[PDB]
């Protein structure tokens, strides 16, 4: 599987959703630029967000989404933020996608 992602480790931990949305706003065009390098139509299999907390625990996941799309990334972040942060500071925010997989064309044989 092929992933493309970008992340920012903040100078200082953040504690407020507005800060996180603001970092997402600066990362998005960087992810777009990176992904456009390799997939100019921005078509992907999945995308999602990574938050790494001040204890170095993190949460990520991706969900199906066909392009790579800031609105959806922000929505995902806000839910992960609410919900997983658990009052901790956030040290790093990451956005990523996973590309659609290459086609499977090789069927193995039982070797009779």
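Residue numbers count along the first chain shown, from 1.
- In this entry, the higher average B-factor at the C-alpha atoms falls on 58-66, of the pair 58-66 and 23-31.
- For the pair 6-14 and 99-107, the mean B factor over Cα atoms is greater in 6-14.
- When the C-alpha B-factors of 85, 50, 46, 79 are ranked from the entry, the top spot goes to 79.
- Among the modelled residues of the chain, residue 38 sits in the highest third by CA temperature factor in this PDB entry.
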